[PDB]
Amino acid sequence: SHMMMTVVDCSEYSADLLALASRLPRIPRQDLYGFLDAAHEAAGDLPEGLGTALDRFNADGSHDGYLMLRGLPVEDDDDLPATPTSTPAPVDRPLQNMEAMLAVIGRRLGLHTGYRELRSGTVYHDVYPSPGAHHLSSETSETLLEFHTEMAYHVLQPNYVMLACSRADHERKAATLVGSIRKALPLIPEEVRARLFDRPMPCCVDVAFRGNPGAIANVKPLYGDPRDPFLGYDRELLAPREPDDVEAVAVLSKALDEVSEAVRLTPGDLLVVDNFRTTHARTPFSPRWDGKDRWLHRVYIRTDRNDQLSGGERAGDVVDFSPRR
């Protein structure tokens, strides 16, 4: 299982966190840059224990590849609106407590980033089920959302994916799976590691970025430091052609399966995924279309490393698509 340090019980911080949220702009999408500036001020006033846990994780990730915050001050279910059924969100939608947490905790880590072609270029995404969801969509439910490093094929791939839960699914069945390369690497033979490392392989892109044009990107499954590598994996989109490459990726795929951990998000939970050292998935659940379907809020965070940033960026920036080559 995950380490002790990987789960942070924030229940004791509830009143302090609500106080920070009370000073944020109530209609964030009317002025997202100013909203996130206010959240950056609040980030410096986080309770010391929570600030320290975030800073430690930010420095170089962890063996588990994620940080789970629990007990954040989510609204009671009947004080939330109905779960969204459309994207993008209305510009005048009032701020919800778990969105405020994504703002403050997100700015403690880095810069919120939107992607112009994805969900209308918005920064805050609602993750909810839809009845006709494409099999690669985070709006899936009954079909498994397969392992993916988020936007691994994108030059401006973010360091973190952050998921904040306002509603779990009714049966609390849906598991967010995290596969950490730090756990998977010991299971991969040195010979296979050597084939994977720094080797660009053809990779398709998600629907939002297709302008099916095929494998228009090149992704290195392992890269960076060979003794502590970064991971770029997508079970559906990575398309190795050479039989050795196909074989090496299959070994990596089975290793990530073997070490994957299941996180079942409940209201008030916030999951920070190290998107340079993990791949993540979501297991099946059955929506009910009753107004209370599963509802996460998702943002992407860039940090100043791995050429994510080149100068002048602000939290709230929306960037254009460029495939890794």
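All residue numbers refer to positions in the sequence shown, first residue = 1.
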Residues of the deposited sequence that sit between residue 227 and residue 226 yet are not modelled: none
Of 99-107 and 214-222, the one with larger mean CA B-factor: 214-222
Average Cα temperature factor in the PDB entry - higher stretch of 240-248, 84-92: 240-248
Criterion, highest CA B-factor; candidates, 116, 199, 148, 125: 199
Deposited CA B-factor, highest of 162, 194, 168, 175: 194
B-factor third for the C-alpha atom of residue 154 within its chain: middle
Ranked against its chain, the third holding the CA B-factor of residue 50: middle
CA B-factor placement of residue 299, once the chain's modelled residues are sorted into thirds: lowest
CA B-factor placement of residue 112, once the chain's modelled residues are sorted into thirds: lowest
Chain-relative CA temperature factor third for residue 42: middle
